[PDB]
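Asker: Structure file protein_30.txt, compact mmCIF, C-alpha atoms, is pasted below:
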```txt
# COMPACT_ATOMS: atom_id res chain seq x y z
CA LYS A 4 1.42 -3.64 -6.75
CA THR A 5 -1.87 -1.67 -6.68
CA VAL A 6 -4.19 -0.86 -3.77
CA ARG A 7 -7.94 -1.13 -4.33
CA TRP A 8 -9.56 1.62 -2.24
CA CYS A 9 -13.22 1.04 -1.33
CA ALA A 10 -15.56 4.01 -1.50
CA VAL A 11 -19.04 4.08 -0.02
CA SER A 12 -20.59 6.63 -2.38
CA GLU A 13 -20.18 8.57 -5.59
CA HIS A 14 -18.55 11.65 -3.94
CA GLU A 15 -16.04 9.28 -2.39
CA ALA A 16 -15.79 7.35 -5.67
CA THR A 17 -14.72 10.47 -7.55
CA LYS A 18 -12.14 11.57 -4.95
CA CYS A 19 -10.69 8.10 -5.18
CA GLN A 20 -10.28 8.26 -8.95
CA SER A 21 -8.96 11.83 -8.49
CA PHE A 22 -6.70 10.47 -5.78
CA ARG A 23 -5.60 7.73 -8.22
CA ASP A 24 -4.91 9.88 -11.25
CA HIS A 25 -3.03 12.28 -9.03
CA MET A 26 -0.43 9.87 -7.75
CA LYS A 27 0.10 9.03 -11.40
CA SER A 28 1.05 12.56 -12.38
CA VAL A 29 3.60 12.75 -9.60
CA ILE A 30 4.82 9.23 -8.74
CA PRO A 31 7.11 6.85 -10.75
CA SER A 32 5.61 3.67 -12.32
CA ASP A 33 7.52 1.40 -9.96
CA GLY A 34 5.42 2.92 -7.17
CA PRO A 35 2.32 1.78 -5.25
CA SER A 36 -0.90 2.84 -6.91
CA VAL A 37 -4.61 3.19 -6.20
CA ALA A 38 -7.51 1.37 -7.83
CA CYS A 39 -11.03 2.57 -7.07
CA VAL A 40 -13.91 0.40 -5.95
CA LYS A 41 -17.46 1.42 -5.05
CA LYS A 42 -19.72 -0.46 -2.68
CA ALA A 43 -23.04 0.44 -1.11
CA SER A 44 -21.84 0.87 2.45
CA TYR A 45 -19.18 0.65 5.11
CA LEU A 46 -20.03 -3.00 5.64
CA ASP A 47 -20.12 -3.93 1.94
CA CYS A 48 -16.73 -2.39 1.83
CA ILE A 49 -15.82 -4.52 4.85
CA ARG A 50 -17.02 -7.50 2.93
CA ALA A 51 -15.67 -6.68 -0.53
CA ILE A 52 -12.36 -6.42 1.31
CA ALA A 53 -12.80 -9.80 3.00
CA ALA A 54 -13.64 -11.37 -0.34
CA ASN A 55 -10.50 -9.89 -2.04
CA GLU A 56 -12.31 -7.32 -4.27
CA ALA A 57 -10.98 -4.24 -2.55
CA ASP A 58 -8.00 -3.57 -0.31
CA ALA A 59 -8.75 -0.77 2.16
CA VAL A 60 -11.51 1.32 3.75
CA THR A 61 -11.09 3.84 6.55
CA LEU A 62 -13.54 3.27 9.40
CA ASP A 63 -14.52 4.83 12.68
CA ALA A 64 -13.72 2.64 15.73
CA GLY A 65 -17.16 0.99 15.84
CA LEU A 66 -16.77 -0.35 12.33
CA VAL A 67 -13.18 -1.33 13.16
CA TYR A 68 -14.72 -3.93 15.49
CA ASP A 69 -17.28 -5.36 12.96
CA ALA A 70 -14.67 -5.34 10.19
CA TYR A 71 -12.65 -7.65 12.44
CA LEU A 72 -15.35 -10.22 13.34
CA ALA A 73 -15.81 -13.48 11.48
CA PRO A 74 -16.14 -14.00 8.50
CA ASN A 75 -14.76 -10.56 7.54
CA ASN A 76 -11.70 -10.65 9.76
CA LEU A 77 -10.01 -7.34 8.93
CA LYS A 78 -7.09 -5.94 10.95
CA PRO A 79 -6.33 -2.25 11.65
CA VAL A 80 -3.24 -1.16 9.75
CA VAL A 81 -2.84 2.57 9.16
CA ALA A 82 -4.06 5.14 11.59
CA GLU A 83 -5.11 8.72 10.74
CA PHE A 84 -3.56 11.35 13.09
CA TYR A 85 -4.72 14.78 14.28
CA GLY A 86 -3.34 17.65 16.34
CA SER A 87 0.24 18.64 15.49
CA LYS A 88 2.97 16.44 14.04
CA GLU A 89 5.09 16.50 17.19
CA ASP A 90 2.46 15.17 19.62
CA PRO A 91 0.00 13.68 17.13
CA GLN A 92 -3.06 12.07 18.63
CA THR A 93 -4.82 9.18 16.85
CA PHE A 94 -7.12 8.16 19.71
CA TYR A 95 -9.15 10.15 22.20
CA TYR A 96 -9.97 8.98 25.72
CA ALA A 97 -13.59 8.54 26.72
CA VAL A 98 -14.00 9.80 30.33
CA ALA A 99 -16.59 10.42 33.10
CA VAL A 100 -16.11 13.86 34.64
CA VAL A 101 -17.75 14.43 38.05
CA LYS A 102 -17.32 16.93 40.85
CA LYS A 103 -14.53 17.01 43.42
CA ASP A 104 -15.86 15.41 46.60
CA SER A 105 -19.23 14.50 45.08
CA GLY A 106 -18.69 11.10 46.73
CA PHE A 107 -19.39 8.03 44.62
CA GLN A 108 -17.38 5.94 42.26
CA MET A 109 -18.06 4.25 38.92
CA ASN A 110 -19.75 1.50 40.89
CA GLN A 111 -22.35 3.85 42.37
CA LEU A 112 -23.88 5.79 39.45
CA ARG A 113 -27.28 4.24 40.17
CA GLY A 114 -29.61 6.97 41.30
CA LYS A 115 -27.34 9.87 40.22
CA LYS A 116 -28.15 12.28 37.36
CA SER A 117 -26.32 11.81 34.06
CA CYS A 118 -25.24 14.22 31.35
CA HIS A 119 -24.65 12.75 27.87
CA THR A 120 -23.56 14.23 24.56
CA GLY A 121 -25.94 12.28 22.39
CA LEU A 122 -27.87 9.06 22.41
CA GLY A 123 -25.94 6.94 19.97
CA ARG A 124 -22.70 8.83 20.37
CA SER A 125 -19.78 6.61 21.45
CA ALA A 126 -18.17 8.40 24.38
CA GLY A 127 -21.44 9.86 25.70
CA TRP A 128 -23.76 6.85 25.36
CA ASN A 129 -22.19 3.85 23.62
CA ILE A 130 -19.26 3.44 26.03
CA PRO A 131 -20.56 4.52 29.49
CA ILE A 132 -23.77 2.51 29.10
CA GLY A 133 -22.14 -0.57 27.54
CA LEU A 134 -19.79 -0.82 30.53
CA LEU A 135 -22.58 -0.20 33.08
CA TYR A 136 -24.88 -2.51 31.09
CA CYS A 137 -25.12 -5.32 33.63
CA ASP A 138 -26.21 -2.81 36.28
CA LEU A 139 -29.10 -1.35 34.37
CA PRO A 140 -32.16 -3.03 35.83
CA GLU A 141 -33.52 -5.94 33.85
CA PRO A 142 -35.64 -5.56 31.71
CA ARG A 143 -32.64 -4.25 29.79
CA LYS A 144 -34.76 -4.12 26.64
CA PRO A 145 -35.21 -1.66 25.42
CA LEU A 146 -31.99 0.04 26.52
CA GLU A 147 -33.65 3.50 26.62
CA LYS A 148 -35.86 1.86 29.20
CA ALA A 149 -33.24 0.44 31.58
CA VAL A 150 -31.10 3.59 31.52
CA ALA A 151 -34.09 5.79 32.24
CA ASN A 152 -34.49 3.34 35.13
CA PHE A 153 -30.99 3.70 36.56
CA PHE A 154 -30.06 7.36 36.82
CA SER A 155 -32.70 9.50 38.64
CA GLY A 156 -33.10 11.41 35.42
CA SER A 157 -30.73 12.46 32.68
CA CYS A 158 -30.33 14.46 29.56
CA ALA A 159 -29.91 12.18 26.56
CA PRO A 160 -30.17 14.39 23.49
CA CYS A 161 -32.03 12.39 20.82
CA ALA A 162 -33.80 10.12 23.35
CA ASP A 163 -37.42 8.97 23.33
CA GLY A 164 -38.42 11.59 25.86
CA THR A 165 -42.06 10.61 25.14
CA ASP A 166 -41.87 6.95 26.03
CA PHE A 167 -38.98 7.71 28.38
CA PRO A 168 -39.36 11.41 29.41
CA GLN A 169 -37.16 10.51 32.35
CA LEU A 170 -34.17 10.89 29.99
CA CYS A 171 -34.91 14.53 29.31
CA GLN A 172 -35.39 15.57 32.91
CA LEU A 173 -32.13 17.52 32.84
CA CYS A 174 -32.81 18.94 29.35
CA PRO A 175 -36.55 18.80 28.49
CA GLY A 176 -37.42 18.28 24.88
CA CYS A 177 -34.41 16.08 24.16
CA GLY A 178 -33.24 18.35 21.41
CA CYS A 179 -30.86 16.48 19.20
CA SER A 180 -29.30 19.82 18.18
CA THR A 181 -27.18 22.65 19.57
CA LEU A 182 -30.46 24.49 20.25
CA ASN A 183 -30.41 22.20 23.23
CA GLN A 184 -27.82 23.98 25.35
CA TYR A 185 -26.91 20.65 26.95
CA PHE A 186 -26.46 18.95 23.59
CA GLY A 187 -23.12 17.60 22.49
CA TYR A 188 -19.63 17.49 23.97
CA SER A 189 -19.64 20.93 25.50
CA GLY A 190 -23.29 21.00 26.34
CA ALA A 191 -22.92 17.76 28.24
CA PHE A 192 -19.99 19.28 30.05
CA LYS A 193 -22.07 22.33 30.99
CA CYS A 194 -24.94 20.12 32.17
CA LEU A 195 -22.34 19.22 34.84
CA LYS A 196 -20.94 22.71 35.44
CA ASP A 197 -24.44 24.05 36.26
CA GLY A 198 -24.83 21.00 38.43
CA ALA A 199 -27.80 20.02 36.29
CA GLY A 200 -26.31 16.56 36.47
CA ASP A 201 -23.94 14.47 38.58
CA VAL A 202 -21.74 12.92 35.94
CA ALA A 203 -21.00 14.26 32.46
CA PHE A 204 -19.82 11.64 30.00
CA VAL A 205 -17.39 13.32 27.58
CA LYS A 206 -14.03 12.92 25.81
CA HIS A 207 -10.83 13.79 27.77
CA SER A 208 -9.87 17.20 26.24
CA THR A 209 -13.44 18.49 26.81
CA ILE A 210 -12.80 19.98 30.28
CA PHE A 211 -9.67 21.60 28.94
CA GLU A 212 -11.63 23.09 26.06
CA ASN A 213 -14.33 24.31 28.45
CA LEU A 214 -12.40 25.73 31.44
CA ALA A 215 -9.25 27.72 30.76
CA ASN A 216 -7.94 27.67 34.31
CA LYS A 217 -6.37 24.84 36.31
CA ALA A 218 -7.93 26.31 39.43
CA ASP A 219 -11.37 25.42 38.10
CA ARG A 220 -10.49 22.14 36.43
CA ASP A 221 -8.97 21.43 39.89
CA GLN A 222 -12.58 21.57 41.05
CA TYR A 223 -13.46 18.43 39.02
CA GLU A 224 -12.33 14.81 39.09
CA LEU A 225 -12.66 11.75 36.84
CA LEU A 226 -14.29 8.42 37.58
CA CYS A 227 -11.53 5.83 37.22
CA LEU A 228 -12.65 2.35 36.08
CA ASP A 229 -11.36 0.82 39.36
CA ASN A 230 -13.88 2.48 41.77
CA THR A 231 -11.33 5.28 42.28
CA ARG A 232 -11.31 8.99 41.26
CA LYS A 233 -8.19 10.73 40.01
CA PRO A 234 -7.76 14.39 38.96
CA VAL A 235 -8.76 15.62 35.53
CA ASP A 236 -5.08 15.75 34.52
CA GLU A 237 -4.84 11.93 34.82
CA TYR A 238 -7.33 10.73 32.22
CA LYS A 239 -4.66 8.43 30.75
CA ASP A 240 -4.57 6.49 33.98
CA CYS A 241 -8.29 7.11 34.58
CA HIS A 242 -10.59 6.81 31.53
CA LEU A 243 -13.64 4.62 30.68
CA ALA A 244 -12.09 3.34 27.41
CA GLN A 245 -9.60 4.11 24.60
CA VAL A 246 -10.80 5.21 21.15
CA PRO A 247 -8.83 5.62 17.86
CA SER A 248 -10.52 8.14 15.52
CA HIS A 249 -10.26 6.81 11.98
CA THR A 250 -8.46 3.65 10.80
CA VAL A 251 -7.62 2.24 7.38
CA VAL A 252 -8.17 -1.49 7.58
CA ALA A 253 -6.97 -4.31 5.39
CA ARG A 254 -7.41 -8.10 5.38
CA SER A 255 -5.57 -9.92 8.14
CA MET A 256 -4.23 -12.61 5.83
CA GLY A 257 -3.22 -11.07 2.48
CA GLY A 258 -3.73 -7.55 3.81
CA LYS A 259 -1.27 -5.47 1.72
CA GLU A 260 -0.41 -3.39 4.80
CA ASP A 261 3.14 -3.15 3.37
CA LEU A 262 1.92 -1.46 0.23
CA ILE A 263 -1.02 0.46 1.70
CA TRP A 264 1.14 2.20 4.27
CA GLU A 265 3.57 2.95 1.42
CA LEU A 266 0.90 4.47 -0.88
CA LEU A 267 -0.41 6.48 2.06
CA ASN A 268 2.82 8.09 3.38
CA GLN A 269 3.88 8.85 -0.20
CA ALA A 270 0.44 10.47 -0.68
CA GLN A 271 0.71 12.53 2.50
CA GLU A 272 4.18 13.65 1.44
CA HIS A 273 2.91 14.85 -1.93
CA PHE A 274 -0.77 15.37 -1.31
CA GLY A 275 -0.76 15.87 2.47
CA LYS A 276 -1.64 18.90 4.65
CA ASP A 277 -0.90 21.82 2.34
CA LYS A 278 1.79 20.19 0.17
CA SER A 279 0.18 21.84 -2.91
CA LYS A 280 -3.12 23.34 -4.16
CA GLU A 281 -3.78 21.02 -7.14
CA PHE A 282 -5.66 18.24 -5.20
CA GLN A 283 -5.96 17.66 -1.44
CA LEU A 284 -5.72 14.34 0.39
CA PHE A 285 -7.89 15.72 3.16
CA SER A 286 -10.30 17.90 1.28
CA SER A 287 -12.44 17.70 -1.83
CA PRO A 288 -14.66 20.11 -3.72
CA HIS A 289 -16.90 17.05 -3.93
CA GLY A 290 -18.00 17.08 -0.26
CA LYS A 291 -16.71 17.08 3.33
CA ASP A 292 -14.91 14.02 4.76
CA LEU A 293 -14.78 11.71 1.67
CA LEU A 294 -12.30 8.82 2.21
CA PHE A 295 -10.19 10.54 4.88
CA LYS A 296 -11.38 13.11 7.46
CA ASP A 297 -10.62 16.74 6.60
CA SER A 298 -9.29 17.18 10.13
CA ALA A 299 -6.59 14.60 9.62
CA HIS A 300 -2.96 15.76 9.51
CA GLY A 301 -1.52 12.60 8.01
CA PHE A 302 -0.95 8.91 8.75
CA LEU A 303 0.67 6.64 11.35
CA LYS A 304 1.54 3.00 10.73
CA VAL A 305 -0.07 0.94 13.51
CA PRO A 306 1.62 -1.77 15.59
CA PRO A 307 2.60 -4.70 13.33
CA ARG A 308 0.16 -7.58 13.89
CA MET A 309 -2.24 -6.13 16.43
CA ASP A 310 -5.94 -6.99 16.01
CA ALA A 311 -9.01 -4.88 16.58
CA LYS A 312 -9.53 -6.17 20.09
CA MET A 313 -6.11 -5.06 21.30
CA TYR A 314 -6.27 -1.90 19.15
CA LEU A 315 -9.73 -0.87 20.48
CA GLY A 316 -9.15 -2.10 24.00
CA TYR A 317 -10.80 -4.25 26.62
CA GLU A 318 -13.33 -1.58 27.75
CA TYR A 319 -14.62 -0.57 24.28
CA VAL A 320 -14.97 -4.21 23.21
CA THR A 321 -16.78 -5.01 26.48
CA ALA A 322 -19.15 -2.10 25.92
CA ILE A 323 -19.92 -2.72 22.25
CA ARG A 324 -20.47 -6.39 23.09
CA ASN A 325 -22.90 -5.74 25.87
CA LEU A 326 -24.70 -3.14 23.75
CA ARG A 327 -24.89 -5.64 20.84
CA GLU A 328 -25.17 -9.13 22.37
CA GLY A 329 -26.93 -7.66 25.39
CA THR A 330 -26.07 -10.66 27.63
CA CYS A 331 -24.75 -10.28 31.16
CA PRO A 332 -23.27 -13.71 32.09
CA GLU A 333 -24.25 -15.68 35.16
CA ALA A 334 -22.09 -15.51 38.31
CA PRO A 335 -19.97 -17.63 40.83
CA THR A 336 -22.38 -18.49 43.59
```
Taking this structure as input, can you express it in the form of structure tokens?

Answerer:
Amino acid sequence: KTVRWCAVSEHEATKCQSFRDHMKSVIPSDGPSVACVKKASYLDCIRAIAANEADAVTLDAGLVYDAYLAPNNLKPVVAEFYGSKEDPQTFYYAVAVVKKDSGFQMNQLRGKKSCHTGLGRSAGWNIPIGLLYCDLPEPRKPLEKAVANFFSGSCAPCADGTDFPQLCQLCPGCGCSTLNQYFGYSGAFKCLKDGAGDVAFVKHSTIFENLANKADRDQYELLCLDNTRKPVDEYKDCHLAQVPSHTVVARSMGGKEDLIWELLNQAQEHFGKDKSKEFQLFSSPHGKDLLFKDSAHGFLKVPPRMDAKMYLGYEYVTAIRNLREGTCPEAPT
């Protein structure tokens, strides 16, 4: 049976046809094959898949969630792995690095100074805010408003530092570029190192990539979700949420997960990470990151029948929800 791969552009459309043709030249007729389909956008793809016109798209976590909602109802089926092949990571933890003994837990950020990677970025803004959401002072609209009104200043690269200058206190000008030394994953970490902030919202490996010695990383801690703080080495049992990088999705009912996975692993075997020079599953002279990320090392089948909510995780889903639906429920008394 064939697999109809959805592409969200012409550079992606070409790589797909080139990805199709390729399998042909090397795989036997009895084998799984690729059909190419072009839609205007991630979502269209998510819909053309729902409506049985395409079979798979690869999405970032955020779109994994939408792709699942009704009436698109798409499940995550094949994960894209990075790192090695022995200890291959497919997710990345989103954490909240602070300073050893800086006294305060997750339920105490109000008033403190925050260091983010980018307004809009998942681990730096999307997750930490979503979770905290119902603590940002109403009016919670706009969001740039309420967050400027919760931390006694921050650095939110790409924030409306004009209408909310507060947010650029720790990095004036709100430079949405590396020119801003506090910009991004490592900048946001430094914003903490210099003590320019109180909390630095980053991904787990960040501290490891920014301090080469235990003795110094020993000087930092992580804000566990349970009003506790564990050492930097324990992000797995102390992280704000769990996030899978890229994910091929298929329909829940109908799916083709059997065949997709097949066509993928066969393709990584032939066309994978340096298995030839005559085409490249993770690279294209047509542009960077078309179809599958160029950083990817291959693929991992995901847990049989597991839906986006369990795949993404309680925290992420809670965050995205709050950010989207923006409604803190009423309570007990």

Asker: Skipping near chain neighbours, those fewer than 2 positions away, what residues fall within 10 Å of segment 281-288 of chain A using all atoms listed in the file, listed as a ChimeraX atom specification?

Answerer: /A:14-15,17-19,21-22,25,267,270-279,290-301

Asker: Leaving out residue 261 of chain A and any residue of its chain fewer than 6 positions from it, which residues lie within 10 Å of it when counting only C-alpha atoms, given as an NGL selection string?

Answerer: :A and (35 or 80 or 304)

Asker: List as a PyMOL selection string the protein and nucleic acid residues near residue 57 of chain A, meaning an atom at most 9 Å away when all atoms listed in the file are counted, but skip any in the same chain fewer than 3 places from it.

Answerer: chain A and resi 6-9+38-41+48-54+60+253

Asker: From the list A:120, A:216, A:44, A:325, which residue is nearest residue 187 of chain A when using all atoms listed in the file?

Answerer: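 The closest residue to residue 187 of chain A is A:120.
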
Asker: Please write as a list in words the list of polymer residues whose atoms come within 9 Å of (-9.0, -0.3, 11.5), counting all atoms listed in the file and keeping to the coordinates of the file.

Answerer: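 Output: residues 60, 61, 62, 63, 64, 66, 67, 68, 70, 71, 77, 78, 79, 80, 81, 82, 247, 249, 250, 251, 252, 253, 310, 311 and 314 of chain A.
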
Asker: Complete segment 104-133 of chain A at the level of N, CA and C atoms, written as a PDB file, in the coordinates of the input.

Answerer:
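Heads up, here's the output in part-v2.pdb:
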```pdb
ATOM      1  N   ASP A 104     -15.149  15.727  45.371  1.00  0.00           N
ATOM      2  CA  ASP A 104     -15.860  15.410  46.600  1.00  0.00           C
ATOM      3  C   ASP A 104     -17.331  15.086  46.419  1.00  0.00           C
ATOM      4  N   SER A 105     -17.806  14.830  45.206  1.00  0.00           N
ATOM      5  CA  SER A 105     -19.230  14.500  45.080  1.00  0.00           C
ATOM      6  C   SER A 105     -19.559  13.056  45.512  1.00  0.00           C
ATOM      7  N   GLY A 106     -18.582  12.432  46.168  1.00  0.00           N
ATOM      8  CA  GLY A 106     -18.690  11.100  46.730  1.00  0.00           C
ATOM      9  C   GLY A 106     -19.489   9.995  46.086  1.00  0.00           C
ATOM     10  N   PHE A 107     -18.811   9.195  45.283  1.00  0.00           N
ATOM     11  CA  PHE A 107     -19.390   8.030  44.620  1.00  0.00           C
ATOM     12  C   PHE A 107     -18.415   7.626  43.551  1.00  0.00           C
ATOM     13  N   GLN A 108     -18.325   6.348  43.259  1.00  0.00           N
ATOM     14  CA  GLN A 108     -17.380   5.940  42.260  1.00  0.00           C
ATOM     15  C   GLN A 108     -18.161   5.373  41.108  1.00  0.00           C
ATOM     16  N   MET A 109     -17.454   4.838  40.109  1.00  0.00           N
ATOM     17  CA  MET A 109     -18.060   4.250  38.920  1.00  0.00           C
ATOM     18  C   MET A 109     -19.105   3.239  39.368  1.00  0.00           C
ATOM     19  N   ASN A 110     -18.786   2.473  40.397  1.00  0.00           N
ATOM     20  CA  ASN A 110     -19.750   1.500  40.890  1.00  0.00           C
ATOM     21  C   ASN A 110     -20.684   2.153  41.913  1.00  0.00           C
ATOM     22  N   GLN A 111     -21.429   3.157  41.478  1.00  0.00           N
ATOM     23  CA  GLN A 111     -22.350   3.850  42.370  1.00  0.00           C
ATOM     24  C   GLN A 111     -23.226   4.837  41.622  1.00  0.00           C
ATOM     25  N   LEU A 112     -23.093   4.879  40.296  1.00  0.00           N
ATOM     26  CA  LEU A 112     -23.880   5.790  39.450  1.00  0.00           C
ATOM     27  C   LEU A 112     -25.398   5.638  39.573  1.00  0.00           C
ATOM     28  N   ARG A 113     -25.854   4.475  40.027  1.00  0.00           N
ATOM     29  CA  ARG A 113     -27.280   4.240  40.170  1.00  0.00           C
ATOM     30  C   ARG A 113     -27.906   5.294  41.061  1.00  0.00           C
ATOM     31  N   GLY A 114     -28.922   5.961  40.534  1.00  0.00           N
ATOM     32  CA  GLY A 114     -29.610   6.970  41.300  1.00  0.00           C
ATOM     33  C   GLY A 114     -29.187   8.371  40.924  1.00  0.00           C
ATOM     34  N   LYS A 115     -27.903   8.561  40.602  1.00  0.00           N
ATOM     35  CA  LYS A 115     -27.340   9.870  40.220  1.00  0.00           C
ATOM     36  C   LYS A 115     -27.972  10.415  38.920  1.00  0.00           C
ATOM     37  N   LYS A 116     -27.633  11.657  38.571  1.00  0.00           N
ATOM     38  CA  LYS A 116     -28.150  12.280  37.360  1.00  0.00           C
ATOM     39  C   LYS A 116     -27.054  12.389  36.311  1.00  0.00           C
ATOM     40  N   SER A 117     -27.321  11.853  35.120  1.00  0.00           N
ATOM     41  CA  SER A 117     -26.320  11.810  34.060  1.00  0.00           C
ATOM     42  C   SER A 117     -26.462  12.777  32.907  1.00  0.00           C
ATOM     43  N   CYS A 118     -25.319  13.300  32.469  1.00  0.00           N
ATOM     44  CA  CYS A 118     -25.240  14.220  31.350  1.00  0.00           C
ATOM     45  C   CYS A 118     -24.468  13.598  30.163  1.00  0.00           C
ATOM     46  N   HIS A 119     -25.197  13.355  29.075  1.00  0.00           N
ATOM     47  CA  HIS A 119     -24.650  12.750  27.870  1.00  0.00           C
ATOM     48  C   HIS A 119     -24.593  13.762  26.736  1.00  0.00           C
ATOM     49  N   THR A 120     -23.780  13.419  25.740  1.00  0.00           N
ATOM     50  CA  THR A 120     -23.560  14.230  24.560  1.00  0.00           C
ATOM     51  C   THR A 120     -24.597  13.922  23.482  1.00  0.00           C
ATOM     52  N   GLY A 121     -24.956  12.657  23.376  1.00  0.00           N
ATOM     53  CA  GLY A 121     -25.940  12.280  22.390  1.00  0.00           C
ATOM     54  C   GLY A 121     -26.261  10.805  22.482  1.00  0.00           C
ATOM     55  N   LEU A 122     -27.523  10.450  22.355  1.00  0.00           N
ATOM     56  CA  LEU A 122     -27.870   9.060  22.410  1.00  0.00           C
ATOM     57  C   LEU A 122     -27.297   8.540  21.103  1.00  0.00           C
ATOM     58  N   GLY A 123     -26.492   7.495  21.178  1.00  0.00           N
ATOM     59  CA  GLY A 123     -25.940   6.940  19.970  1.00  0.00           C
ATOM     60  C   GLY A 123     -24.486   7.287  19.851  1.00  0.00           C
ATOM     61  N   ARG A 124     -24.079   8.404  20.442  1.00  0.00           N
ATOM     62  CA  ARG A 124     -22.700   8.830  20.370  1.00  0.00           C
ATOM     63  C   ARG A 124     -21.834   7.924  21.241  1.00  0.00           C
ATOM     64  N   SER A 125     -20.674   7.516  20.723  1.00  0.00           N
ATOM     65  CA  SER A 125     -19.780   6.610  21.450  1.00  0.00           C
ATOM     66  C   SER A 125     -19.283   6.956  22.879  1.00  0.00           C
ATOM     67  N   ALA A 126     -18.638   8.087  23.068  1.00  0.00           N
ATOM     68  CA  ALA A 126     -18.170   8.400  24.380  1.00  0.00           C
ATOM     69  C   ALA A 126     -19.314   8.759  25.330  1.00  0.00           C
ATOM     70  N   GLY A 127     -20.335   9.455  24.830  1.00  0.00           N
ATOM     71  CA  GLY A 127     -21.440   9.860  25.700  1.00  0.00           C
ATOM     72  C   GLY A 127     -22.477   8.806  26.073  1.00  0.00           C
ATOM     73  N   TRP A 128     -22.769   7.899  25.145  1.00  0.00           N
ATOM     74  CA  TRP A 128     -23.760   6.850  25.360  1.00  0.00           C
ATOM     75  C   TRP A 128     -23.144   5.446  25.186  1.00  0.00           C
ATOM     76  N   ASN A 129     -22.787   5.126  23.949  1.00  0.00           N
ATOM     77  CA  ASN A 129     -22.190   3.850  23.620  1.00  0.00           C
ATOM     78  C   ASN A 129     -21.186   3.217  24.581  1.00  0.00           C
ATOM     79  N   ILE A 130     -20.267   4.002  25.137  1.00  0.00           N
ATOM     80  CA  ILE A 130     -19.260   3.440  26.030  1.00  0.00           C
ATOM     81  C   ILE A 130     -19.680   3.367  27.491  1.00  0.00           C
ATOM     82  N   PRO A 131     -20.132   4.491  28.086  1.00  0.00           N
ATOM     83  CA  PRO A 131     -20.560   4.520  29.490  1.00  0.00           C
ATOM     84  C   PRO A 131     -21.693   3.559  29.815  1.00  0.00           C
ATOM     85  N   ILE A 132     -22.649   3.431  28.908  1.00  0.00           N
ATOM     86  CA  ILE A 132     -23.770   2.510  29.100  1.00  0.00           C
ATOM     87  C   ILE A 132     -23.284   1.063  28.917  1.00  0.00           C
ATOM     88  N   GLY A 133     -22.650   0.771  27.784  1.00  0.00           N
ATOM     89  CA  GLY A 133     -22.140  -0.570  27.540  1.00  0.00           C
ATOM     90  C   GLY A 133     -21.477  -1.111  28.785  1.00  0.00           C
TER      91      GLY A 133
END
```
